[PDB]
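Q: The structure is given below, and queries will be raised subsequently.
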Amino acid sequence: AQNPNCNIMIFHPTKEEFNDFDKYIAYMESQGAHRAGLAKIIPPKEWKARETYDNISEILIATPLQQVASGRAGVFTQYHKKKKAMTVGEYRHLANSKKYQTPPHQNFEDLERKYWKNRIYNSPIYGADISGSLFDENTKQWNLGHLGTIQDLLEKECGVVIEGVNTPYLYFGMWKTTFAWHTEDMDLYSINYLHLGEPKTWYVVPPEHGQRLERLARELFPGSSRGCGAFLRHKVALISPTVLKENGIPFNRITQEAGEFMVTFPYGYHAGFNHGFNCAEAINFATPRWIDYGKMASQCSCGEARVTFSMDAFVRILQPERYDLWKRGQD
Ligand SMILES: O=C(O)CNC(=O)C(=O)O
Ligand SMILES: [Mg+2]
Ligand code: NI
Ligand SMILES: [Zn+2]
């Protein structure tokens with residue numbers, strides 16, 4: 001079996017290998033990349049996402065989110081308080097202000113220490129989940145706005161034609177902005193490209209061990225767990241690496257820098273934080289290997305997680321028994 005210790009693998013495709021996205025994902029899995037839950041893909045040196053980022057300041061972040069924490073330093077939840085709209089230019093200036101800028105630090109490890117020590121005491125503002133793309137339309141390779149759609153994948157594998165569309169999202173981050181422990185909707189893959197700015201640190205639990213993380217989470221967030229049998233779908237819980245180690249949860253960590261892609265694999269729980277002002281783009285995608293995970297994916301029916309239009313059809317077709325109760329949650 002390849003990659004039996006479930007390490008995060010890093011790939012350096014040639015320009016030729018960068019042509020066929022599906023085939024390269026399947027190559028990475030042939031080498032065991034998926035066992036980690038997360039892989040890093042460094043593009044060939046000939047590739048670019050677009051010519052420059054000099055003209056992005058006028059993108060609007062309609063609903064910036066202030067991420068307010070509650071709990072203890074290593075075990076906390078965050079809620080998102082909606083703020084007034086601002087442009088990317090305004091946001092970048094806010095991220096660089098004394099109140100929000102990255103502190104002096106030695107290296108990524110020192111900054112990681114400072115994050116876990118101090119995150120809870122601040123409420124950074126995240127421009128998350130903004131529909132759009134920063135890939136040039138002329139970028140033909142690994143263009144996250146030109147991938148094969150999940151609806152088309154389901155049709156190709158299972159023969160059923162369904163409604164729905166699949167588009168990318170932009171994420172504008174600042175120091176301490178945080179993504180909570182989650183898998184993707186319907187345990188899809190995701191791909192994330194760090195277009196610009198400061199890094200993003202990732203933590204991940206191998207898919208084969210995801211239920212270990214879930215069990216810990218139910219212990220650490222006991223009222224959340226009573227309220228909903230899939231509360232990590234709410235995307236509000238954080239657990240530090242120290243806490244994971246104390247509880248014997250298998251995980252790995254890696255820092256993504258600008259210019260790099262990360263791929264999360266089905267049922268690969270992940271969480272992380274941004275080091276400073278940055279912009280990432282991400283999208284969900286599927287492969288044939290996903291179908292079995294989509295059929296088994298947990299679902300939030302308490303009503304909190306409230307997800308896209310396009311998830312309806314996935315639930316309807318892959319999880320018809322759940323469908324009724326799940327949609328009661330959506331309505
Ligand atoms: O970058 C972020 O804030 C979160 N991204 C993801 O969870 C992802 O790409 O799957
Ligand atoms: Mg602009
Ligand atoms: Ni994700
Ligand atoms: Zn729920």
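Ordered as shown in the structure tokens, chains take letters A, B, and onward, while each chain numbers its residues from 1 and ligands are numbered from 1 in the order shown.
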Excluding residue 251 in chain A and its own-chain neighbours fewer than 5 positions away, which residues fall within 9 Å of it when counting only C-alpha atoms? Please give them as number ranges by chain.
A: A: 6-7, 36, 203-206, 209, 241, 244-245
Q: At a cut-off of 12 Å, using only C-alpha atoms, what residues contact residue 321 in chain A? Leave out same-chain residues fewer than 5 positions from it and give the result as JSON, numbers by chain.
A: {"A": [295, 296, 299, 315, 316, 326, 327]}
Q: Using DSSP assignments from the backbone, pull out every residue in range 59-229 of chain A that falls under alpha helix (DSSP H) and give it to me as an MDAnalysis selection string.
A: chainID A and resid 88:95 108:118 150:158 210:220 222:227
Q: For residue 302 in chain A, work out the shell of residues within 8 Å, counting only C-alpha atoms and skipping chain neighbours fewer than 5 positions away, then give it as a PyMOL selection string.
A: chain A and resi 227-228+329
Q: Mind running chain A against ligand 1 at 6 Å and telling me each contacting residue's nearest atom pair with the distance in Å (one decimal), counting only C-alpha atoms and all ligand atoms, chain and number ascending, as a Markdown table?
A:
```
| residue | atom | partner | partner_atom_place_in_ligand_line | distance |
| --- | --- | --- | --- | --- |
| A:179 | CA | ligand 1 | 3 (O) | 4.9 |
| A:190 | CA | ligand 1 | 10 (O) | 4.8 |
| A:191 | CA | ligand 1 | 9 (O) | 5.5 |
| A:192 | CA | ligand 1 | 9 (O) | 4.5 |
| A:282 | CA | ligand 1 | 9 (O) | 5.1 |
```
Q: For the residues in the current selection, export C-alpha atoms as a tab-separated table (two decimals), in the first residue's frame.
A:
```
chain	number	residue	atom	x	y	z
A	179	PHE	CA	-10.90	27.81	8.89
A	190	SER	CA	-11.38	20.58	-2.80
A	191	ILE	CA	-8.62	22.43	-4.55
A	192	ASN	CA	-7.20	25.67	-3.30
A	282	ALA	CA	-10.97	27.28	-4.15
```
Q: Please identify every polymer residue within 9 Å of ligand 4, using only C-alpha atoms and all ligand atoms, and present the set as an MDAnalysis selection string.
A: chainID A and resid 224:225 227:234 299:306 329
Q: Give me, as a tab-separated table, the closest atom pair and its distance (Å, one decimal) for every residue of chain A within a cut-off of 8 Å of ligand 3, counting only C-alpha atoms and all ligand atoms, rows sorted by chain and rising number.
A:
```
residue	atom	partner	partner_atom_place_in_ligand_line	distance
A:179	CA	ligand 3	1 (Ni)	7.8
A:182	CA	ligand 3	1 (Ni)	6.4
A:183	CA	ligand 3	1 (Ni)	6.0
A:184	CA	ligand 3	1 (Ni)	5.4
A:190	CA	ligand 3	1 (Ni)	6.3
A:264	CA	ligand 3	1 (Ni)	7.1
A:269	CA	ligand 3	1 (Ni)	8.0
A:270	CA	ligand 3	1 (Ni)	6.5
A:271	CA	ligand 3	1 (Ni)	7.6
```
